[PDB]
Each structure stands twice: as structure tokens, then as C-alpha cells.
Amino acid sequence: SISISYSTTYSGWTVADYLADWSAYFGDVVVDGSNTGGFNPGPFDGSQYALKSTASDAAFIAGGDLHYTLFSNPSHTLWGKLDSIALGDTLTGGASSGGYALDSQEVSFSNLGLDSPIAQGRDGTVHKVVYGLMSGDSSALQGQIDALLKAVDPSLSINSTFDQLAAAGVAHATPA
């Protein structure tokens, strides 16, 4: 089931609270090179999709087995399997580096278990999750995390603190 890493800095924050603040920090991103983001290995598919903010040093990384349709029907659909979302700050590496990595990784969500097929187009969950983050709207990631936590134990939710989810077996603290 879902597993979570967090920086001690965020020990007392609720996930809903952390994800709202992370997204306002990242902001909203005409599409061009500064703005498309990147796939590993790419160009339009890979095990990792990563995007830097145009506004701040915030950065994120979506991992699993992902496919972007670009202009093919249904256009501008991200689909595939999404296993991880890693949020933080200052993106590094890429296709010729062997993977994207965050220099300062604040929080990660792993074993999401999300899978959307091409046929749902842009209404697919994987699409609505990653596109949300690109756009400064983590609400779709929030909604999805909330369901994973609830199925583990009906007491846990995006309004649990990270530390409470550590007590629950789900989260695991790291330095800062």
C-alpha cells in the first residue's frame, strides 16, 4: 500500500496543508521549452516525468511507466502507470544522466498504484493528477492520496499529520 517520505520540517503539517502550500509555491505554468517539462528516457514516454517551476526552485517528479500522446488522438493525454510523486526543490539529472532527481526532496508518495488507459483521454486520473501539479492544483493528487490512506485505515486522511501517519506505518521521516 501507499508509502510516504517526509522531511522533518513537515512533521506536524497535514498532507492537505503541505500539498496546498507546495502548489502555491510551484505556481501555474503558451507552452515552450521552459514549460513542457521532460520525460526519462523520452521524448514523449518514460519511467519518469519531471517539471521545474518557471516561478520558483520548486520541482516535481512523477514516476512509473508513462505515456504522453502529444498531438495524437486523444491529444495531450498523459496515461500509463503512476507509482510515485516526488515533490521538492531544485531538479537535477535527466535522460542522459540516468534519471531525474531532486536536490532537496521534501515529500514523496510511493506505491500510488494508479493506472489509466489511453481511452479515457484527459479525464483519466494519472492525467488529472500530473496535469494538476503542472498547473498549481494539487487537489487531484490530494483526493487520490485521501482514498489510499482511508483504505489502509478509516482513521487516516489527507488531514492527518505526517507524524500521525508515521505512527500508522505509512510515513517515514528523513532529514532537512
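Note that residue numbering follows the sequence shown and begins at 1.
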Might you work out how many residues are unmodelled in the deposited sequence between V29 and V30, and answer none, 1 to 3, 4 to 9, or 10 or more?
4 to 9
According to the deposited model, is the average Cα temperature factor higher in 106-114 or in 131-139?
106-114
Mind pulling up the entry and telling me whether 147-155 or 62-70 has the higher mean Cα temperature factor?
147-155
From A86, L91, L82, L78, which pick has the Cα B-factor that tops the rest in the entry?
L91
Comparing against every modelled residue in the chain, figure out the third that the C-alpha B-factor of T9 lands in (lowest, middle or highest).
highest
Determine, from the deposited record, the chain-internal third of the Cα B-factor for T54: lowest, middle or highest.
highest
In terms of the CA temperature factor given in the entry, to which third of its chain does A168 belong: lowest, middle or highest?
highest
